[PDB]
Amino acid sequence: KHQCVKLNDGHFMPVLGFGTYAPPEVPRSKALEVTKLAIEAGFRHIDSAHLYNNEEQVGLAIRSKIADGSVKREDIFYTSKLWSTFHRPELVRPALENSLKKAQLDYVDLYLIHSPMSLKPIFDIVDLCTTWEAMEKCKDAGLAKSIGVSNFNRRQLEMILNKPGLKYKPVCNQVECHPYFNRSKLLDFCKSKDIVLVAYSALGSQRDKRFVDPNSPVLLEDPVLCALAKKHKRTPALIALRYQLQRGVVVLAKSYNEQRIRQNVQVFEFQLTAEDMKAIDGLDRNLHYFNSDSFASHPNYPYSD
Ligand SMILES: NC(=O)c1ccc[n+]([C@@H]2O[C@H](COP(=O)([O-])OP(=O)(O)OC[C@H]3O[C@@H](n4cnc5c(N)ncnc54)[C@H](OP(=O)(O)O)[C@@H]3O)[C@@H](O)[C@H]2O)c1
């Protein structure tokens with residue numbers, strides 16, 4: 001299907017998605033305005049989460065673009081995510097039901113485990129295979145068309161894929177992925193298991209002071225990204241998004257700015273050569289922008305491997 005990839009459960013995922021997270025200081029009504037502008041610009045995959053405290057505004061934007069005739073529900077791929085205080089398996093279905101009620105949708109296209117780092121329902125120690133069984137029952141019930149995971153490393157994905165009794169493989173692993181942390185080996189593994197890698201912080205993250213070192217290089221000021229932008233008469237952001245599409249990664253892009261939202265859909269309008277991709281692959285430097293004690297101290301931190 002046009003500009004989508006086929007998931008391993010048969011559903012289709014659009015290869016460019018709109019990132020909806022804004023920090024707390026942005027008024028909640030902004031997510032309504034920008035999600036409507038993202039749909040108007042041509043985004044058809046919208047990524048939210050319980051954590052983002054925006055599902056009611058994001059859902060209203062979707063319902064509004066349905067009401068005015070721009071799109072039908074089946075034209076939109078909506079993702080939400082189970083937050084880490086709800087890993088205990090009896091909490092999974094009520095958490096998804098809460099997300100649906102907030103968005104006023106009958107189903108999500110995709111429901112993810114947001115992170116493998118379980119928190120007190122203060123860390124919690126939960127066997128995530130039990131969480132996954134509860135995710136499977138939500139796909140059986142029709143609450144989520146597809147289920148997947150987010151922030152898992154290879155060993156953590158294998159624990160699910162190897163589970164006795166497994167009914168549904170995860171359709172995706174949504175992970176931090178960009179030219180300073182391109183996750184090649186994990187991508188190869190995901191490809192080998194028919195699992196889609198979805199990239200977040202593909203434009204270098206929002207640099208949130210709670211978890212990103214401001215000393216970290218700014219991805220879009222990279223001189224190779226900037227040179228390739230000059231060569232293609234595009235921008236460093238479009239070079240960073242198009243790099244993902246050509247390696248078979250589905251890519252998210254957040255923007256709350258009307259011009260940049262419209263700019264990002266231009267990722268479909270041009271392509272990069274083998275030499276351009278090799279120049280971009282040479283930027284890999286094990287730089288995860290999310291780099292905090294509040295993750296690294298956790299018994300199931302994914303960058304331990
Ligand atoms: N699963 C998880 O744990 C997880 C973690 C992080 C993110 N995510 C998801 O991934 C989404 C994207 O990741 P992210 O929030 O880290 O942000 P990102 O997509 O890496 O974007 C980073 C910054 O790039 C700027 N930008 C966007 N388009 C641009 C363009 N064409 N030119 C120049 N700058 C541009 C935006 O600022 P403006 O708004 O000012 O344009 C944005 O704040 C999030 O919204 C969320 O949906 C998930």
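Residue positions begin at 1 at the first shown residue.
Determination method: X-ray crystallography, 1.7 Å.
From the backbone N, Cα and C atoms, a Cβ is placed for every residue, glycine too.
The active site, proton donor annotation in Swiss-Prot covers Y52 and is backed by similarity to another entry. For the recorded site, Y52 (active site, proton donor), the DSSP three-state label reads helix.
The feature NADP(+) binding site is assigned by Swiss-Prot to 20-21, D47, 150-151, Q174, 200-206, 254-256, 260-264. Of all Cβ atoms in the protein chains displayed, 23 besides its own lie within 10 Å of the Cβ of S150 (NADP(+) binding site).
DSSP assigns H114 (substrate binding site) to coil in the three-state reduction, placing it in neither a helix nor a strand. Neighbour list (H114 (substrate binding site), Cβ cut-off 8 Å, at least 6 residues apart, same chain): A49, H50, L51, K81, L82, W83, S84, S150, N151. As annotated by Swiss-Prot, substrate binding site applies to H114.
The feature site 'Important for substrate specificity' is assigned by Swiss-Prot to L51, with similarity to another entry given as support. Of all Cβ atoms in the protein chains displayed, 16 besides its own lie within 10 Å of the Cβ of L51 (site 'Important for substrate specificity').
As annotated by Swiss-Prot, site 'Lowers pKa of active site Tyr' applies to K81. In the three-state DSSP reading, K81 (site 'Lowers pKa of active site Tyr') counts as strand.
The 10 Å shell around the Cβ of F290 (site 'Involved in ligand recognition and product release') contains 19 further Cβ atoms across the protein chains shown. The DSSP secondary structure for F290 (site 'Involved in ligand recognition and product release') is coil. According to Swiss-Prot, the site 'Involved in ligand recognition and product release' annotation covers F290.
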Query raised in the report: When the Cβ positions of the recorded positions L51, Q206, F290 are compared with the atoms of ligand 1, which fall under 6 Å?
Result: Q206
Report summary line: One finds that other Cβ atoms within 10 Å of the Cβ of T20 (NADP(+) binding site) number exactly 23
Query raised in the report: Could you tell me the C-alpha distance between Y52 (active site, proton donor) and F290 (site 'Involved in ligand recognition and product release') in angstrom, no decimals?
Result: 16
Requested in this report: Sort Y200 (NADP(+) binding site) into helix, strand or coil using the DSSP assignment.
Outcome: strand
